[PDB]
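Chemist: Got a file for you: model26.txt, compact mmCIF, C-alpha atoms and all ligand atoms.
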# COMPACT_ATOMS: atom_id res chain seq x y z
CA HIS A 4 -10.98 -17.01 -3.69
CA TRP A 5 -11.53 -13.61 -2.27
CA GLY A 6 -11.45 -10.45 -4.47
CA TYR A 7 -13.19 -7.08 -4.81
CA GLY A 8 -16.41 -8.06 -6.50
CA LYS A 9 -19.99 -8.18 -5.27
CA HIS A 10 -19.86 -11.83 -4.12
CA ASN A 11 -16.29 -12.07 -2.86
CA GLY A 12 -15.24 -8.49 -1.94
CA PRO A 13 -14.53 -6.73 1.37
CA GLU A 14 -17.97 -7.34 2.90
CA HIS A 15 -17.41 -11.11 2.57
CA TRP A 16 -13.82 -11.35 3.81
CA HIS A 17 -14.75 -11.88 7.51
CA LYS A 18 -16.11 -15.38 6.73
CA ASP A 19 -12.64 -16.68 5.84
CA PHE A 20 -10.71 -14.13 7.98
CA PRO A 21 -12.71 -13.28 11.10
CA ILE A 22 -9.97 -10.75 12.05
CA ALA A 23 -11.74 -8.53 9.42
CA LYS A 24 -14.05 -7.42 12.28
CA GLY A 25 -11.08 -6.89 14.73
CA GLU A 26 -10.03 -3.94 16.80
CA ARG A 27 -7.17 -2.59 14.62
CA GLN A 28 -8.30 -3.04 10.98
CA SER A 29 -7.15 -0.83 8.08
CA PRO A 30 -7.61 1.33 6.17
CA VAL A 31 -9.29 4.15 8.12
CA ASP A 32 -10.54 7.63 7.52
CA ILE A 33 -7.90 10.08 8.77
CA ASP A 34 -9.85 12.93 10.51
CA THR A 35 -7.15 15.56 10.34
CA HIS A 36 -8.80 17.63 13.09
CA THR A 37 -8.78 14.97 15.67
CA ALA A 38 -5.28 13.60 14.79
CA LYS A 39 -2.86 14.43 17.67
CA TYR A 40 0.33 16.30 16.80
CA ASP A 41 3.09 14.46 18.64
CA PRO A 42 6.26 16.62 18.92
CA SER A 43 8.04 13.52 20.31
CA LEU A 44 7.75 11.66 16.87
CA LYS A 45 10.87 11.49 14.85
CA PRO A 46 11.46 12.37 11.27
CA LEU A 47 10.95 9.33 9.19
CA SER A 48 14.24 7.95 7.81
CA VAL A 49 13.86 6.51 4.34
CA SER A 50 17.11 4.98 3.05
CA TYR A 51 16.49 3.68 -0.45
CA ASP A 52 19.86 4.39 -2.12
CA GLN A 53 20.86 0.70 -2.41
CA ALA A 54 17.44 -0.68 -3.26
CA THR A 55 17.43 -3.65 -5.62
CA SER A 56 14.17 -4.25 -7.47
CA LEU A 57 13.84 -7.75 -8.92
CA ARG A 58 10.52 -8.55 -10.59
CA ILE A 59 6.95 -7.25 -11.21
CA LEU A 60 3.95 -9.61 -10.98
CA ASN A 61 0.12 -9.42 -11.52
CA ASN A 62 -1.22 -11.56 -8.63
CA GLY A 63 -4.91 -11.26 -9.62
CA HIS A 64 -5.55 -8.48 -7.04
CA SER A 65 -2.91 -5.81 -7.69
CA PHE A 66 0.50 -5.70 -9.25
CA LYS A 67 3.60 -5.73 -7.11
CA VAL A 68 7.25 -4.92 -7.56
CA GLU A 69 9.40 -7.18 -5.37
CA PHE A 70 12.82 -6.29 -3.99
CA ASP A 71 15.94 -8.10 -2.82
CA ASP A 72 15.33 -7.97 0.92
CA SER A 73 18.12 -10.44 1.88
CA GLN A 74 20.43 -7.50 2.74
CA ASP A 75 19.94 -4.11 4.59
CA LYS A 76 19.53 -2.24 1.30
CA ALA A 77 16.18 -0.16 1.35
CA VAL A 78 15.21 0.49 4.94
CA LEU A 79 12.71 2.56 6.91
CA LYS A 80 13.35 3.63 10.47
CA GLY A 81 12.68 6.51 12.86
CA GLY A 82 9.23 8.15 12.97
CA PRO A 83 7.03 6.04 15.19
CA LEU A 84 9.14 2.91 14.58
CA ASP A 85 11.55 1.07 16.91
CA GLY A 86 14.39 -0.77 15.14
CA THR A 87 14.86 -1.37 11.29
CA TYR A 88 12.28 -2.24 8.67
CA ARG A 89 13.42 -3.60 5.17
CA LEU A 90 11.47 -2.92 2.02
CA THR A 91 10.10 -6.12 0.44
CA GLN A 92 7.60 -4.89 -2.17
CA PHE A 93 5.35 -2.06 -3.29
CA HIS A 94 1.92 -2.19 -4.92
CA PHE A 95 -1.01 0.11 -5.57
CA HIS A 96 -4.79 0.27 -5.13
CA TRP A 97 -6.84 2.31 -7.60
CA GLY A 98 -10.31 3.11 -8.88
CA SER A 99 -12.48 2.75 -11.94
CA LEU A 100 -12.66 6.56 -12.04
CA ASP A 101 -10.50 9.39 -10.55
CA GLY A 102 -12.78 10.06 -7.63
CA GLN A 103 -12.05 6.81 -5.91
CA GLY A 104 -9.27 4.26 -5.51
CA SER A 105 -7.44 5.08 -2.28
CA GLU A 106 -7.87 2.93 0.83
CA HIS A 107 -7.15 5.58 3.40
CA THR A 108 -9.25 8.72 3.12
CA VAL A 109 -8.48 12.19 4.46
CA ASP A 110 -11.52 13.96 6.01
CA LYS A 111 -13.53 11.55 3.81
CA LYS A 112 -11.72 12.53 0.65
CA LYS A 113 -10.83 9.59 -1.63
CA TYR A 114 -7.79 9.87 -3.88
CA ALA A 115 -7.46 8.24 -7.33
CA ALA A 116 -4.99 5.69 -6.03
CA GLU A 117 -2.70 4.75 -3.15
CA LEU A 118 0.86 3.43 -3.21
CA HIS A 119 1.96 1.04 -0.47
CA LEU A 120 5.64 0.41 0.24
CA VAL A 121 5.68 -2.71 2.53
CA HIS A 122 8.51 -3.17 4.98
CA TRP A 123 9.18 -5.85 7.63
CA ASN A 124 10.89 -5.53 11.01
CA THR A 125 14.32 -7.10 10.83
CA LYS A 126 14.07 -8.39 14.42
CA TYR A 127 11.73 -11.12 12.91
CA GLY A 128 14.05 -12.26 10.16
CA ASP A 129 11.54 -12.68 7.32
CA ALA A 130 8.42 -11.04 6.00
CA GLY A 131 6.09 -14.09 6.68
CA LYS A 132 7.25 -14.37 10.27
CA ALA A 133 7.03 -10.60 10.69
CA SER A 134 3.39 -10.69 9.43
CA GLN A 135 2.54 -12.82 12.55
CA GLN A 136 3.71 -10.11 14.96
CA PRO A 137 1.92 -7.01 16.25
CA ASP A 138 4.86 -4.74 15.22
CA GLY A 139 5.91 -6.87 12.26
CA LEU A 140 5.34 -4.57 9.31
CA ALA A 141 5.54 -0.90 8.48
CA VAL A 142 3.61 0.25 5.40
CA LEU A 143 4.37 3.66 3.95
CA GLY A 144 1.23 4.90 2.16
CA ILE A 145 1.27 7.66 -0.47
CA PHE A 146 -1.83 9.13 -2.16
CA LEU A 147 -2.00 9.67 -5.88
CA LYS A 148 -4.06 12.49 -7.45
CA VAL A 149 -4.50 12.95 -11.15
CA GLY A 150 -2.82 15.97 -12.73
CA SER A 151 0.81 16.34 -13.94
CA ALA A 152 2.68 13.04 -14.62
CA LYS A 153 5.11 11.53 -12.17
CA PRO A 154 8.22 10.85 -14.28
CA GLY A 155 9.54 8.22 -11.75
CA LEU A 156 6.37 6.13 -12.26
CA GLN A 157 6.70 5.83 -16.02
CA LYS A 158 9.06 2.80 -15.96
CA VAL A 159 6.36 0.91 -14.00
CA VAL A 160 3.45 1.93 -16.26
CA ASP A 161 5.33 1.08 -19.41
CA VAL A 162 5.76 -2.60 -18.59
CA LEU A 163 2.20 -3.25 -17.39
CA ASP A 164 1.13 -4.47 -20.89
CA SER A 165 3.53 -7.42 -20.30
CA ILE A 166 1.68 -8.54 -17.09
CA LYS A 167 -1.93 -8.00 -18.20
CA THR A 168 -3.50 -11.05 -16.61
CA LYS A 169 -3.28 -12.90 -13.29
CA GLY A 170 -0.12 -14.89 -12.84
CA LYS A 171 2.07 -13.00 -15.41
CA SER A 172 5.40 -11.65 -14.21
CA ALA A 173 8.56 -10.05 -15.69
CA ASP A 174 12.08 -9.18 -14.56
CA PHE A 175 12.11 -5.55 -13.35
CA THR A 176 15.58 -4.41 -12.22
CA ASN A 177 17.01 -1.02 -11.44
CA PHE A 178 13.75 0.59 -10.49
CA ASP A 179 14.36 3.44 -8.01
CA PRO A 180 11.46 3.82 -5.59
CA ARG A 181 12.80 7.24 -4.56
CA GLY A 182 11.14 8.52 -7.80
CA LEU A 183 7.71 7.80 -6.27
CA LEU A 184 8.02 9.96 -3.17
CA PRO A 185 6.60 13.44 -2.62
CA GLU A 186 8.75 16.32 -1.30
CA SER A 187 7.54 16.18 2.27
CA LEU A 188 7.79 13.22 4.67
CA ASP A 189 5.17 14.75 7.02
CA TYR A 190 2.88 11.88 8.01
CA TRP A 191 0.07 10.46 10.06
CA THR A 192 0.58 7.17 11.87
CA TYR A 193 -1.64 4.59 13.62
CA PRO A 194 -1.64 0.84 14.44
CA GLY A 195 -3.55 -1.25 11.96
CA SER A 196 -3.63 -4.26 9.62
CA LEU A 197 -3.04 -5.64 6.20
CA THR A 198 -5.85 -4.34 3.91
CA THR A 199 -6.08 -7.67 2.05
CA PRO A 200 -6.63 -11.21 3.40
CA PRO A 201 -5.26 -12.48 5.68
CA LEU A 202 -5.91 -9.04 7.30
CA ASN A 203 -3.32 -9.64 10.07
CA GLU A 204 -3.07 -6.89 12.66
CA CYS A 205 0.64 -6.47 12.19
CA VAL A 206 1.11 -3.03 10.56
CA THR A 207 2.33 0.27 11.76
CA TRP A 208 0.79 2.58 9.11
CA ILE A 209 2.69 5.68 8.06
CA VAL A 210 0.61 7.72 5.62
CA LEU A 211 2.22 10.76 3.98
CA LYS A 212 0.25 14.01 4.00
CA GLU A 213 1.46 15.17 0.58
CA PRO A 214 0.07 13.35 -2.48
CA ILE A 215 2.03 12.70 -5.63
CA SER A 216 0.49 13.71 -8.93
CA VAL A 217 0.26 11.23 -11.67
CA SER A 218 -1.23 11.83 -15.16
CA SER A 219 -4.52 10.58 -16.52
CA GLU A 220 -2.48 8.49 -19.02
CA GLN A 221 -0.51 6.81 -16.26
CA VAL A 222 -3.56 5.82 -14.26
CA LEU A 223 -5.35 4.65 -17.46
CA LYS A 224 -2.61 2.03 -17.86
CA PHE A 225 -3.27 0.70 -14.36
CA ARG A 226 -6.95 0.27 -15.44
CA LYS A 227 -5.97 -1.90 -18.46
CA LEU A 228 -4.76 -4.65 -16.18
CA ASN A 229 -7.12 -7.66 -15.66
CA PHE A 230 -8.13 -9.46 -12.49
CA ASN A 231 -8.73 -12.63 -14.43
CA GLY A 232 -6.33 -15.18 -15.75
CA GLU A 233 -5.82 -15.40 -19.53
CA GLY A 234 -8.85 -17.35 -20.91
CA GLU A 235 -11.48 -16.41 -18.23
CA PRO A 236 -13.98 -13.63 -18.82
CA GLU A 237 -12.27 -10.25 -18.92
CA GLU A 238 -12.72 -8.16 -15.74
CA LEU A 239 -10.67 -5.02 -15.54
CA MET A 240 -8.47 -4.71 -12.47
CA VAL A 241 -10.15 -1.60 -10.98
CA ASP A 242 -11.60 -0.74 -7.59
CA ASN A 243 -9.11 -2.97 -5.77
CA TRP A 244 -9.45 -0.99 -2.57
CA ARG A 245 -10.87 -1.92 0.81
CA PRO A 246 -13.11 0.87 2.23
CA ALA A 247 -12.40 2.67 5.58
CA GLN A 248 -12.90 0.46 8.65
CA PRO A 249 -14.00 1.50 12.15
CA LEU A 250 -11.26 3.33 14.10
CA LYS A 251 -12.41 1.75 17.40
CA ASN A 252 -10.26 2.88 20.25
CA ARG A 253 -7.28 4.09 18.18
CA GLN A 254 -5.54 7.44 18.05
CA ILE A 255 -4.01 8.78 14.82
CA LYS A 256 -0.84 10.79 15.49
CA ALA A 257 0.55 13.56 13.20
CA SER A 258 4.23 14.29 12.81
CA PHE A 259 3.35 17.97 11.92
CA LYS A 260 1.09 20.88 13.12
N1 LIG B 301 -2.22 -3.14 1.55
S1 LIG B 301 -1.19 -3.92 2.31
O1 LIG B 301 0.08 -3.23 2.30
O2 LIG B 301 -1.71 -4.37 3.55
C1 LIG B 301 -0.89 -5.41 1.33
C2 LIG B 301 -1.60 -5.80 0.26
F1 LIG B 301 -2.68 -5.11 -0.23
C3 LIG B 301 -1.29 -6.87 -0.52
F2 LIG B 301 -2.04 -7.23 -1.55
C4 LIG B 301 -0.21 -7.67 -0.14
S2 LIG B 301 -0.02 -9.19 -1.10
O3 LIG B 301 -0.21 -8.93 -2.51
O4 LIG B 301 1.27 -9.76 -0.77
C5 LIG B 301 -1.39 -10.37 -0.89
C6 LIG B 301 -1.58 -10.93 0.50
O5 LIG B 301 -2.16 -10.06 1.47
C7 LIG B 301 0.60 -7.33 0.95
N2 LIG B 301 1.76 -8.06 1.29
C8 LIG B 301 2.36 -8.31 2.62
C9 LIG B 301 1.34 -9.15 3.33
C10 LIG B 301 1.34 -10.62 3.00
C11 LIG B 301 2.13 -11.42 4.11
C12 LIG B 301 3.71 -11.34 4.18
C13 LIG B 301 4.26 -9.98 4.70
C14 LIG B 301 4.68 -8.92 3.64
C15 LIG B 301 3.78 -8.84 2.45
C16 LIG B 301 0.22 -6.18 1.68
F3 LIG B 301 1.01 -5.80 2.73
ZN ZN B 302 -1.91 -2.14 -0.09
Represent the structure from my file as structure tokens, please.
Modeler:
Amino acid sequence: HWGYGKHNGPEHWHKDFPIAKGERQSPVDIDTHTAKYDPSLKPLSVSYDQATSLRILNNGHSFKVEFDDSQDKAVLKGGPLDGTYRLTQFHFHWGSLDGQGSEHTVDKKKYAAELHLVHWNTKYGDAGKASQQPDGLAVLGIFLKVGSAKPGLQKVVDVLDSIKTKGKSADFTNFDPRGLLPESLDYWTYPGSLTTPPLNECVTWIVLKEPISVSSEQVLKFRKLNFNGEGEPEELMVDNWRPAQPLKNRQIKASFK
């Protein structure tokens, strides 16, 4: 029943999910001047060569591309992480206009959108179980700015007209998420939470410093999606971002100087 609107959006979520007011909620503003360079952090290992995309779905909040995560096929390790995290899905958050849409901010700057690649720690066996653990998930966050097109995104944007309204899905195989990554894997990292209900405090966030560029046409297709189900009043799926939450005692670490 939650969403992003005036009566059911982020300021209301604490009533159903009191963890919304917890000590490690996400997203956050990344103050780049107070982030601590940690020379002991590892390079992030992203191993997406054998990834198997399966389907794309409009769930009424975002859209999400789900992967075969029953094998060790698309894994994140290294960086701040201990052990192996398997990719289960990615999704995006975006704005009604180019000056907003990201969840994280950088020195208060909002990006047009943010891509989240969600991974779960294999020591917990399954994504639901992992979501109940303090080190259960690792989410790789990538900012999107509007400028030149990202050719690797086009396969995603071109099927969005088939999943316009809540509950629609389609097969979506052979999508390579490597085509969504920027050149650099320099990153900030901090302990946080899911940014949607149930808001569990189970995420190690890894947010890349380098944005990708996407074109105005690509992001316009995101904005044609609908929050509503077919046959309810039309509400365009825009501004599906949670604003920055208090950092509380946490340190953000940088992998770079
Ligand atoms: N931003 S985020 O990465 O914290 C996020 C979402 F915004 C999001 F919408 C989803 S969702 O569509 O699946 C809706 C429920 O929050 C997940 N998904 C993860 C969290 C759900 C629990 C199971 C663990 C892996 C999926 C999710 F991780
Ligand atoms: Zn997200």
Chemist: Check which residues fall inside 10 Å of ligand LIG 301 (chain B) when counting all atoms listed in the file, and print them as an MDAnalysis selection string.
Modeler: chainID A and resid 29:30 60:69 90:96 106 117:123 129:135 139:144 195:206 208 243:245
Chemist: Check the smallest atom-to-atom distance from each of A:103, A:37, A:187, A:53 to residue 145 (chain A) using all atoms listed in the file, then report the winner.
Modeler: A:187
Chemist: Which one of A:185, A:104, A:83, A:150 sits closest to ligand ZN 302 (chain B) if you count all atoms listed in the file?
Modeler: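 Nearest candidate to ligand ZN 302 (chain B) out of A:185, A:104, A:83, A:150: A:104.
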Chemist: Using all atoms listed in the file for the distances, tell me which of A:136, A:124, A:105, A:74 is nearest to ligand ZN 302 (chain B).
Modeler: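 Once distances to ligand ZN 302 (chain B) are computed over all atoms listed in the file, the minimum belongs to A:105.
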Chemist: How far is it from CA of residue 170 (chain A) to CA of residue 21 (chain A), in Å with one decimal?
Modeler: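 Distance between the two atoms: 27.1 Å.
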Chemist: Please, what distance in Å, to one decimal, runs between CA of residue 181 (chain A) and CA of residue 225 (chain A)?
Modeler: 19.9 Å
Chemist: Tell me which of A:210, A:175, A:54, A:33 sits closest to ligand ZN 302 (chain B), counting all atoms listed in the file.
Modeler: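 Counting all atoms listed in the file, the residue closest to ligand ZN 302 (chain B) is A:210.
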Chemist: For residue 49 (chain A), which of A:81, A:214, A:8, A:232 is the closest residue, counting only C-alpha atoms?
Modeler: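 Using only C-alpha atoms, the shortest distance to residue 49 (chain A) belongs to A:81.
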Chemist: Taking all atoms listed in the file into account, which of A:168, A:11, A:55, A:218 comes nearest residue 72 (chain A)?
Modeler: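 Counting all atoms listed in the file, the residue closest to residue 72 (chain A) is A:55.
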Chemist: One decimal, Å: what's the distance from CA of residue 151 (chain A) over to CA of residue 215 (chain A), could you say?
Modeler: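 Spanning CA of residue 151 (chain A) to CA of residue 215 (chain A) is a straight-line distance of 9.2 Å.
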Chemist: Need the shell around residue 164 (chain A): protein/DNA/RNA residues with any atom at most 9 Å away, counting all atoms listed in the file. Skip same-chain ones fewer than 2 positions apart. Format as a ChimeraX atom specification?
Modeler: /A:160-162,166-167,224,227-228
Chemist: Any chance you can output those residues with C-alpha atoms as a JSON list (two decimals), in the coordinates of the input?
Modeler:
[["chain", "number", "residue", "atom", "x", "y", "z"],
["A", 160, "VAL", "CA", 3.45, 1.93, -16.26],
["A", 161, "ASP", "CA", 5.33, 1.08, -19.41],
["A", 162, "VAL", "CA", 5.76, -2.60, -18.59],
["A", 166, "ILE", "CA", 1.68, -8.54, -17.09],
["A", 167, "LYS", "CA", -1.93, -8.00, -18.20],
["A", 224, "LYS", "CA", -2.61, 2.03, -17.86],
["A", 227, "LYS", "CA", -5.97, -1.90, -18.46],
["A", 228, "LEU", "CA", -4.76, -4.65, -16.18]]
Chemist: I'd like the contact shell of residue 24 (chain A) - 12 Å cut-off, all atoms listed in the file, skipping same-chain residues fewer than 2 positions apart - returned as number ranges by chain.
Modeler: A: 13-22, 26-29, 196, 202-204, 248-251
